[PDB]
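One-letter residues, chain by chain:
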Amino acid sequence: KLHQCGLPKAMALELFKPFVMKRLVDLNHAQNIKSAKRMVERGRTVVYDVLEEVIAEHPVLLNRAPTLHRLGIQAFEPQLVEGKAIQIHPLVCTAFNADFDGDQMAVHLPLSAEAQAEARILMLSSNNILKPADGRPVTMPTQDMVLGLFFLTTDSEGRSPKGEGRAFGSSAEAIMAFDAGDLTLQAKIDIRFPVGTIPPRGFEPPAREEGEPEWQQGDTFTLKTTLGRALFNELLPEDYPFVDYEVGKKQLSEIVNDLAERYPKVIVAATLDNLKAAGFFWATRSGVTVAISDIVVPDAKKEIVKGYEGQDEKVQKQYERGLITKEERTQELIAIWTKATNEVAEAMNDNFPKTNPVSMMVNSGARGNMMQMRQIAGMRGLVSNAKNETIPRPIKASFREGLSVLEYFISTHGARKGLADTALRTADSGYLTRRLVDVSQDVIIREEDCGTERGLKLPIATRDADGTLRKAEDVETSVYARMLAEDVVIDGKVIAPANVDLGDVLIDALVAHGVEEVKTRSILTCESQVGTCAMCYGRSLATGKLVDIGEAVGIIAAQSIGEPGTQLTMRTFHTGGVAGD
Amino acid sequence: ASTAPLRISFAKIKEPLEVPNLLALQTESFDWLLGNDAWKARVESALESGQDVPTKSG
Amino acid sequence: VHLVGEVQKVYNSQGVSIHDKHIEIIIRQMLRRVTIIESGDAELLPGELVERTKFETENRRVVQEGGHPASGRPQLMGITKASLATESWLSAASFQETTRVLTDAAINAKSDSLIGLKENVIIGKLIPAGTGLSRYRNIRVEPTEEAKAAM
Amino acid sequence: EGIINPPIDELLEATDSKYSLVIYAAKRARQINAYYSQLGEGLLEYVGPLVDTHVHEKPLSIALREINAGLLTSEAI
Amino acid sequence: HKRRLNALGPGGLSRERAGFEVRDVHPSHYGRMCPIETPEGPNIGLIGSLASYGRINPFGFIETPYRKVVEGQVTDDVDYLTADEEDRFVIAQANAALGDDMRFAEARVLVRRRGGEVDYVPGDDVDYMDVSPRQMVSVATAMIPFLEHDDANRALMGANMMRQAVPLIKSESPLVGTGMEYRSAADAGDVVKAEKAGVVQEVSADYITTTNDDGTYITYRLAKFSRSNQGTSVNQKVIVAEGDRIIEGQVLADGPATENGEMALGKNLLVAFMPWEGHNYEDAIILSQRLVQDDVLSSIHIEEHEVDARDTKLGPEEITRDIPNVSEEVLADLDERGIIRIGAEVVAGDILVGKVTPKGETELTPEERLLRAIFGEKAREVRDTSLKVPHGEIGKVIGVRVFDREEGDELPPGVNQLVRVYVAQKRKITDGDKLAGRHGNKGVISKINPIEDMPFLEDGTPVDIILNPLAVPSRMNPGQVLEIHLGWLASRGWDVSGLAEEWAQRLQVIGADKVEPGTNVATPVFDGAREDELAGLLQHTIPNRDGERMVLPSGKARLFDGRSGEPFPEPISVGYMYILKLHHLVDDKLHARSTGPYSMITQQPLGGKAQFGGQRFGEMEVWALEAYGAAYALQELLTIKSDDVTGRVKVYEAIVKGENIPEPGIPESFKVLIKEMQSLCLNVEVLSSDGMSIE
Amino acid sequence: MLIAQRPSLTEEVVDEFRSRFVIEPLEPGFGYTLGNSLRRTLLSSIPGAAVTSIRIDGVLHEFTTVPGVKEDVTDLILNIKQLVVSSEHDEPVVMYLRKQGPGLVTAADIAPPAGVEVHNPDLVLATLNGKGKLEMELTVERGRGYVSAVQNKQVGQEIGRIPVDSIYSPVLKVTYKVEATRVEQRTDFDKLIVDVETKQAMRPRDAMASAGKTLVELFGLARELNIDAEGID
Amino acid sequence: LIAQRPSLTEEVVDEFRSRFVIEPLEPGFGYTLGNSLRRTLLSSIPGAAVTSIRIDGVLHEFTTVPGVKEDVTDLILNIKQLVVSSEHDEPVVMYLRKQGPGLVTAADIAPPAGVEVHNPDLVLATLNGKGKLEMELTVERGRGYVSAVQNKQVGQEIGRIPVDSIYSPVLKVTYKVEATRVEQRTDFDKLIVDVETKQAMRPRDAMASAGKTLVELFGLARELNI
Ligand SMILES: [Mg+2]
Ligand SMILES: [Zn+2]
């Protein structure tokens, strides 16, 4: 479960030596303390039984070496387990950035009553759903489970939709039909729902037809959906409104955030666990694989490229007579091949079906990226020459066909440079994080309420097309999770009361009313005799509630700044022959 | 002939040159340093074959 | 605004997002000090860094005394200079540069008050952030009378 | 029968914060542990677990159980 | 290790002096320094392996071989070119095709020239071409099959990993691999090859005797279970029969990780690509209990720890069975002079050799005095200091060596006797063990299901290992999929005769047409089997049973879920993949600590596994803990759990007695610092608000 | 050689129709065998009776509307297949339902023939506006497991008659999960927890008793090959 | 509606491989039955295996016996796949002795009364003219797989050495399904399971034991109810 971690027998027994000794002497398994020491060193079975009795209800902080942000150290319930490696919950792995290629993670023991109380309340692995960087879920990774859910909530054409165009009395009979094999998981059908099933949020205005008042918001209602969507929704809690759209990765994050906002923590953890189980099961059934026939090179590629080659060699011919300078030939050839690789990328994009495994696991957001499939199937394209140049002859073969010898060499030219750049950037990112944390200390929240009313002007909605109002594209990182200094009246009536953190409903209402800017309170204008007040800083982001007095905002800010330093890894593609520009 | 166990080859192009003694880098260097019989033997072999080589030992 | 927007677009170029309050705290830290100019009545040196709160305090003292206030212009400097020029010499000494900061701490005979975080991690005392605050740690506990009456 | 067995939300709304909850439950856990280790002096000040107790238990689980039941109260000096 | 070219060293480019330019590949590194393989650590690129055909100029430059071309006719003559002479001429590519005659088949031919340019030059204009397409790749990278399809990064990781596979109990050569493993095994010094062409006369496990026709008799002694530098066995098998003829350089005895003179760094397993209940999430691996059951992945490990009977100022040390203040049964398996017998299983705490201190000034404490008076036991000046197996260990002793001062053997000054004991165990593959293939796909074992839970094939064969498909698209190493399909092809023979197909014609002319089941197959590193060949052979596999082929033309197969029992909804890709057991074994990584040794200059716990070292709570850990607002946990983790001598004994006593944890004091490192800055003439004084403070 | 701890089926009831059944520690990896075989047999092998066709007065198969009723035909089909019938005739049997006037027509108002019992008279089948006019006849037939709707040519025989999907299984669903338990210091024991949801007609425990008896017969069919002993209890 | 009870028919395809057909199964029933049968046929079957051995002049498996080209560990690997049938519920001792030059095989091992080696054509080692092999083997009976670690019970006998042993004598099972000829919408499926096992026992009694285990489990489930 979400708050459990496995400790091998030896490590648990060695960590808890004082406690195992105390428990052994108290139960008279051992005569005296020294004999208890001898018996634990011997490692008799009764010692392991006492250990299983003593670890429970005692938090242990699992902690990885980089510990980039405060989710690095997380408390867990320990649990004896055979073998010699820590067992961990795959949901929390992405919080650590902890892959399973090969990775060691330290275990620390809270000793005092205060320490274990803190690990119970504060550092618990289930009370840290939201990453403090921007206030979004980080504890729903996507490598495998999300593929399962995506395959589960998918429209037709994923297979031959047999058993399509029928209605089933309830999800149970639909499942029975599914085992019978007549129905397939991906097929549109009309499904009933027992009372209490809250319907789709867009289903509310529609209802059944009758001459009497009806309340379909909380009674029976048929619905044209898929059995998969029924399974997905019955993973989510009953009170959660039905979801009738494909989940993928973005919408899964959306619904997880909604759950984290409107529900208690325990329900959030249980829902995540159900989602995990169903995701693994249906990813197993998803049948995603890879084979030689899986990656089909587009047929058109060869033809188009030879056409380009003809043009290219023609250019080469008219360069042999001196009619064009070498620099001009290089530039026009680079442009030609950029055009060629864009065209072949589009052709490959059109060619590959939606049912193939790579499409399923790249569209869903499980793992991968469209240019990676581009250079697995289509030709790689232009590759950077050493010290940031562009070769004249790009690679015309994809990894399925197998690169040539010089092509492989000139690809290594960029690969090794990428490795070295990655290493230098992680070093510099660590240094930057240290500097930010060291300047940013001392800034603790030491006052409930500011003394002042001054605020900061922020643009609520920009790029308003003619005859309409359009909200800012990046409104979330700017104005969300901030407290209004003062109220707003636009029609003479108060719309957004003072000192309320902003969410989707209020932002939509204010945009609809047509206001163009807002006066949001923020730490910059904060006038606090001692540090900074809680309301100026607004709501925390890892908790979704007002920032408690005394929280360490400086350390969280510095860590959030520094965490994606390793992730940036962006550099100018080419100097262009000019320095200082 | 019977140097290695049979292994079906999917190669398409014949290779004129065979891979050299893969450990030549260390053994020949120390042979040269010692200047023992082996280094001078290779020196005279190169000289009669016309190949250049340092004829003074280390 | 310029710093917030610039750093935010630099981060967004890759695709990562961070909330602007994280940036704003650091930015307020960088702008904290002010360069004093025309240090006639204030009697201290001209053209050196001074904390904003100290500037406001001394200005209030001098205007109350009747002397005209000494001018000041806000000054922005890097995080490193801001960190080094801090009141707690122990925290700065725990930073990258030790010899110079320790040397001027000794020559100035400045006592490091233990308010803040890093220096209270040096000493081993309780950090004044979270469970270490006075108001959270002074509470006393006892059940109700009805709990004892029941048992 | 778990770390998350007493849900946190009731505790937060009871104590109005989160850090105050940690320190207050910690003080109670210390008191119950001191009582359990009396071993015979029987000081009148010490008070045992108000809620039922298992044969072997951690003091903090009982402290948080008491907080959830709400019979326990705090007061800042 | 032999062929590496360490740029780091005295009078040269040090780690600090490294820049961007030196690490980056150069167009000159072609046949002179492998660009694929290098350590991935901070010293990335500084250290590289010599190319396969590299040779050293006497002045110290590196040469490479190139064929000679004249009037468009490549000749069978070779010249060795250094890094400068290569610039003047224009060098072609070995991959360029050639006609039936020795001339070029195509006027257009890829070429490279000065400055690393790759422009083409059609017709008879070149003079030199690469002699073999594997010139640019070192031995390690040359081993990978289907290298050309892998990304450079994954091939780099696969070259780095292939140098960590431990030898197993029984080694098997790759079913699919480069054709070069034979040379790599043979020229390596591990293997034992004959120096005369004769007839073997006596074959045995320990030694093998041969008789050249001249008359000389030579017996080679095979090392057996002798510890290598990495604590791994070097067991050498024997291949030759009694009366079989021998030729010069022929192979007689395999080495560690070898088979019939062919390199064998691991076993080949049946792999199927499918997510499986999340136990292979994030690239972890699921493998059958068949491997645990049949010792397919099991490796011997021999540890050697020794103790010396030195003479101190009090007196000499004795290696005796009469160790003091011990029970009787602990010294059960010891020998006469206090040495563990050979073949006696040991465990943590077992006594290997019994050593006792000469003496020491013993001032018996009052409690000890009373207790000794009660029990009538005499606490003697001789004190126990015997060698014991470090914590967390197991093994059967295989050998013991004793060296004595008074004997003719020589020893360093002081040490009267020295004793070394070998403890050897057979580590099987278990959970947490790090496994990896050739193409940089690595993972820790996460679960070993029974043989039945494995999704089995149409003929009942369970798949020996499950791997997450999600790895291969992003990792951009589809070479492993190619390898899996070709491994399946190698396992089940194929017959191609008179098919009149293009790939069929290529196979027939190559000679790889009629292949029986099981025989190995070779795909050179840059002349591998085209995907057309794989497709055609998949069409024309030998029927393994009943006349049906279990793998469809697509290269996938019907997988029956072992647990549920129903067939999986769609076919699944399966085949034979070569995996290796890395040396990143879990047993060596595991380490815990209640309380143990403490450092001296600062009283904090010391580091490392060999000395019961507590993990380091770095700066970023305390930053994260502050971010949580957790202050008391920080106080305990800085003062109680280290760096305070008074508090550690108190907390241990309170925990054992059940009393509540006591209030922390001040840390010792702070007093070290205040004393140190007191010795720089800075009167660092700790003061209170009301005058002097209490400490 | 003998099993360390013998299993023992136990029950946990949260509703009269919903139930959970727990198997104690079991031999290693046996949890999936028993769990999935139990699921499939409990879902399919148990016999039962459910409607097989419906006939409305004065409608055509293509004419999906029914005069005099506010509700449509497809929801009526869903409702009728929801209803549970216990029949034993072993052949097709017919049931009638004739109701007029406005109001609500329910399973209670259905008149069953001899030997066929309707178990849940509470279900509301349809609502009438104005004159009800409703006349209806539905065919019931005992059978096993689950079968999808097919055309029998009843529509050709009588235009009003149409096929309908059936639920012959007395149980609605089985969800079985296998977890780990620790016994005599060993974690190699698997606990099976089977959640059985069944209709109001038949109690879940009797249904699984029937399923277990059927599996006992079906696997003891393998005793005929030879007589052999295996460790038990 | 139609009632038809399962019926089993057997056929032999080899001296140790058989195919068993059960026609009247329900739809979607053959796969699960075949899978459960396979799971129990591989997991729990009574068999005999070598649990420990002894060699003269050898104190551990790592060393080598003079005169034989394969190290003792190779002998562990060779005997580990030896297949035996033991009727004694207690451990039994067998003796393997071989002098002179020649191939020591599973044929020449001494069988005690009631314990039989079933693969005499296996080759265990080869001895030289000077060589000499003496060996004691302990055969026990059980089910499943047991590693050497839990089989060690004698400590003072340093000469004794345990070996990981495998008891299950079945090699593999493969089940498939079809559609019956009976005209109905159910389309009852015909489960056909093919079992091939080692030379220890005929597949008939192997599946008899599997059926006994499963029928006992399901009877335990049944009787405890009602
Ligand atoms: Mg990692
Ligand atoms: Zn404020």
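Residues numbered from 1 in each chain as written, not as in the entry; some residues may be left out. Chains lettered and ligands numbered in written order. Part of a larger assembly, values for the part shown. Heavy atoms only, no water.

Structure determination for this PDB entry is given in the record as cryo-EM, at a resolution of 3.67 Å.

Draft legend 1. A look at the overall build of chain E. A tally of regular secondary structure across chain E gives 16 helices and 32 strands. By principal-axis analysis of the C-alpha atoms, chain E measures approximately 100 × 75 × 70 Å. Looking at chain E alone, contacts between residues at least 24 apart form 66% of all its contacts between residues at least 6 apart. Total accessible area on chain E is roughly 29,600 Å²; 51% of this is exposed by carbon and sulfur atoms. (Helix = DSSP H or I, 4+ residues; strand = E, 2+ residues; numbered from the N terminus. Contact = heavy atoms within 4.5 Å. Areas by Shrake-Rupley, 256 points an atom, 1.4 Å probe, with all protein chains shown as cover.)

Draft legend 2. Region of interest: the overall build of chain A. Per the secondary structure count, chain A includes 21 helices and 15 strands. The principal-axis extents of the C-alpha atoms in chain A amount to approximately 100 × 80 × 70 Å. Residues classed as buried in chain A amount to 57% of the 581 residues present. By sequence separation, contacts in chain A at least 24 residues apart represent 66% of the contacts at least 6 residues apart. Carbon and sulfur atoms make up 54% of the accessible area of chain A, which amounts to about 24,000 Å² in all. Computing the positive centroid from 66 side-chain charges and the negative centroid from 80, chain A places the two 8 Å apart. (Buried < 20%, exposed > 50% of the residue type's maximum accessible area, 1.4 Å probe, protein only. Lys, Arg positive; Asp, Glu negative; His and termini not counted. Charge placed at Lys NZ, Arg CZ, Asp CG, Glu CD.)

Draft legend 3. Broad picture of the interface of chain C and chain A. If you look at the interface, chain C gives 37 residues, while chain A gives 39 residues. Contact between chain C and chain A buries roughly 3,600 Å² in total, counting both sides, with carbon and sulfur atoms accounting for 62%. Together, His-19, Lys-21 and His-22 of chain C form the three largest contributors to the area buried by chain C at its contact with chain A, with a combined 18%. Linking chain C to chain A there are one salt bridge. (Buried area = accessible area lost by both parts, 1.4 Å probe. Salt bridge = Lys/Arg side-chain N within 4 Å of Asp/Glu carboxyl O.)

Draft legend 4. Representation of empty space enclosed by the protein in the model. In this model, the largest cavity occupies a volume close to 200 Å³. Considering the residues around the largest cavity, the lining is formed by 16 residues, among which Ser-45 of chain F together with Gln-4, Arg-5, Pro-6 and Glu-26 of chain G are closest to the centre. By residue number, the principal contributor to the lining of the largest cavity is helix α4 (residues 204-220) of chain F, which donates three residues. For the lining of the largest cavity, the class distribution of residues is eight nonpolar, four polar and four charged. (1 Å grid on protein atoms, 1.4 Å probe; cavity = no way out; pocket = protein on both sides within 12 Å on 5 of 7 lines; lining within 4 Å. Points joined across faces, edges and corners; volume = space filled by probe spheres on them. Nonpolar A, V, L, I, M, F, W, Y, C, P; charged D, E, K, R; others polar.)

Draft legend 5. Region of the structure containing the coordination of the zinc ion (ligand 2). Residues and elements named next belong to chain A. Every protein donor of the zinc ion (ligand 2) is accounted for by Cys-450 (SG), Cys-526 (SG), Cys-533 (SG) and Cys-536 (SG), and the metal-donor separations fall at 2.3 Å. Geometry at the zinc ion (ligand 2) is tetrahedral, judged from its four donor atoms and the angles of 104 to 113° they form at the metal. Mapped onto the polypeptide sequence, the residues donating to the zinc ion (ligand 2) form the spacing pattern C-x75-C-x6-C-x2-C. Remark: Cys-533 occurs in the loop between β15 (517-521) and α19 (534-537) and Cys-450 occurs in the loop between α16 (405-440) and β13 (456-459); sequence separation between them is 83 residues. Under the relative-accessibility criterion, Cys-450 is labelled buried at 6%. (Donors = N, O, S within 2.8 Å, 3.2 Å for Na, K, Ca; no water. Tetrahedral: all angles 85-135°; square planar, octahedral: opposite > 155°, others 65-115°.)

Draft legend 6. Highlighting the sheet that holds strand β3 (residues 47-56) of chain F. All names here are of chain F. A sheet is described by the order of its strands in space; here four strands give the open sequence β5-β9-β3-β10, paired in antiparallel fashion. Each edge of the open sheet carries a strand with a single partner, namely β5 (93-99) and β10 (161-163). Shown here is a sheet whose adjacent strand axes are inclined to one another by a mean of 30°, direction ignored. Relative to strand β9 (residues 134-144), β3 runs antiparallel, the two being bridged by nine bridges. The partner of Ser-53 across the bridge, within β9, is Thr-139. Sitting on the sheet, helix α2 (residues 73-82) is in contact with β3, β9 and β10, with an inclination near 155° to β3. (Pairing = 2+ DSSP bridges. Axes fitted to C-alpha atoms, helices over the stretch in contact; angles between N-to-C directions.)

Draft legend 7. View of the pattern of salt bridges. Under the criterion given, the structure shown has 94 salt bridges over all chains. In this structure, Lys-118 of chain C engages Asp-438 of chain A in a salt bridge whose closest nitrogen and oxygen atoms are separated by 2.2 Å. A residue pair is termed interchain when its members come from two chains, as with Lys-118 of chain C in helix α7 (residues 118-122) and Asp-438 of chain A in helix α16. On the accessibility criterion, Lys-118 of chain C (11% relative accessible area) is buried. For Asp-438 of chain A, a relative accessible area of 7% puts it in the buried group. When the shortest N-O distance is used, the salt bridge between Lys-152 of chain G and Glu-345 of chain E registers 3.8 Å. Linking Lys-152 of chain G in the loop between α3 (148-151) and β11 (160-162) with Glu-345 of chain E in strand β21 (residues 345-347), this pair reaches from one chain into another. Here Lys-152 of chain G falls in the partly exposed class, since its relative accessible area comes to 43%. With a relative accessible area of 29%, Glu-345 of chain E lands in the partly exposed category. Among the charged side chains, a salt-bridge network with shared partners connects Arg-166, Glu-173 and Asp-182 of chain A together with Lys-81 and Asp-165 of chain F.

Draft legend 8. Molecular detail of the environment of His-149 of chain E. One can find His-149 of chain E in the loop between α3 (139-143) and α4 (152-162). For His-149 of chain E, a relative accessible area of 3% puts it in the buried group. Between the C-alpha atoms of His-149 of chain E and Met-476 of chain E, which are 327 residues apart in sequence, the distance is 8.6 Å. In this structure, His-149 of chain E is in contact with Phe-399, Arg-400, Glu-401 and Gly-402 of chain A together with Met-476, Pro-478, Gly-479 and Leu-482 of chain E, ignoring residues within four places of it in sequence. One polar contact links the side chain of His-149 of chain E to the main-chain carbonyl oxygen of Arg-400 of chain A, over a distance of 3.5 Å. (Polar contact = N/O pair within 3.5 Å; in protein donor to acceptor, adjacent residues only side chain to side chain.)

Draft legend 9. Broad picture of the nonpolar core. Core analysis: the largest hydrophobic core is formed by 148 residues, its most contacted members being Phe-16, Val-20 and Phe-232 of chain A together with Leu-42 of chain F. Counting residues per element, this core draws most heavily on helix α4 (residues 203-223) of chain G, at eight residues. Beyond its immediate chain neighbours, meaning those up to four positions away, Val-20 of chain A contacts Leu-13, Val-47, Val-50, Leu-51 and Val-54 of chain A. With 50 residues, the next largest nonpolar core counts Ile-376 and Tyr-408 of chain A together with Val-25 and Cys-34 of chain E among its residues. (Core = buried A, V, L, I, M, F, W, Y, C linked by side-chain atoms within 4.5 Å.)

Draft legend 10. Summary view of the packing of aromatic side chains. Under the definition given, this model contains 23 aromatic pairs over all chains. Relative to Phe-221 of chain A, the ring of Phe-203 of chain A has its centre 5.0 Å away and its plane inclined at 40°; by these criteria the two rings are tilted. Remark: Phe-221 of chain A occurs in the loop between β9 (189-191) and β10 (223-225) and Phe-203 of chain A occurs in the loop between β9 and β10; sequence separation between them is 18 residues. Relative to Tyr-36 of chain D, the ring of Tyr-35 of chain D lies with its centre 5.5 Å away and its plane at 75°, an arrangement referred to as edge-to-face. (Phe/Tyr/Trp six-rings, centres within 6.5 Å; stacked < 30°, edge-to-face > 60°.)

Draft legend 11. Fine view of the arrangement of the chains. The pair of protein chains exhibiting the most contacts, out of 11 pairs of chains in contact, is chains A and E. At the level of C-alpha atoms, the two units chain B and chain G stay apart, their nearest approach being 21 Å. Contact between chain C and chain G is absent, and the least distance between their C-alpha atoms amounts to 45 Å.

Draft legend 12. Highlighting the pairing of strand β5 (residues 73-81) of chain E. All names here are of chain E. Summarising the sheet, strand β4 (residues 62-70) and β5 pair through seven bridges and their orientation is antiparallel. Within the sheet, the bridge partner assigned to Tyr-66 lies in β5 and is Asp-79. Adjacent in sequence and paired antiparallel, β4 and β5 are bridged by two residues, among which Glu-71 carries a positive phi angle near 35°.

Draft legend 13. Helix α2 (residues 19-36) of chain D, seen in detail. An ideal rise of 1.5 Å per residue puts 26 Å on 18 residues; α2 of chain D measures up with 26 Å between its terminal C-alpha atoms. Within the span of α2 of chain D, buried status applies to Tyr-19, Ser-20, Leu-21, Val-22, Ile-23, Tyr-24, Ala-25, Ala-26, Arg-28, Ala-29, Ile-32 and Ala-34 of chain D. (Expected span 1.5 Å × (residues − 1).)

Draft legend 14. Structural detail: a negative patch on the surface. Together, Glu-254, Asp-474, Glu-476, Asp-504 and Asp-508 of chain A make up a region of like negative charge exposed at the surface. As for its position among the elements, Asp-504 of chain A is in helix α18 (residues 504-513). (Patch = residues over 30% accessible without salt bridge, like charges linked within 9 Å, V, L, I, M, F, W, Y side chains within 5 Å.)

Draft legend 15. Region of the structure containing the domain arrangement of chain A. Residue and element names in this part refer to chain A. Each assigned domain of chain A is listed here: domain 1 (144-286) and domain 2 (299-420). If you average the C-alpha positions of domain 1 and of domain 2, the two centres end up 43 Å apart. On the domain 2 side, the residues contacting the eight residues of domain 1 number seven residues. Both sides together, the interface formed by domain 1 and domain 2 hides about 570 Å², and carbon and sulfur atoms give 72% of it. On the domain 1 side of the contact with domain 2, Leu-147, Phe-150 and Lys-249 bury the most area, a combined 59% of that side's loss. Across the contact surface, domain 1 and domain 2 share zero salt bridges. Our count for the contact surface shared by domain 1 and domain 2 stands at two residue pairs in polar contact. (Domains from an automatic or database assignment.)

Draft legend 16. Local environment of a nonpolar patch on the surface. Taken together, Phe-30, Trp-32, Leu-33 and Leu-34 of chain B make up a surface patch of nonpolar side chains, about 400 Å² in accessible area. Within the secondary structure layout, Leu-33 of chain B lies in helix α1 (residues 24-34).

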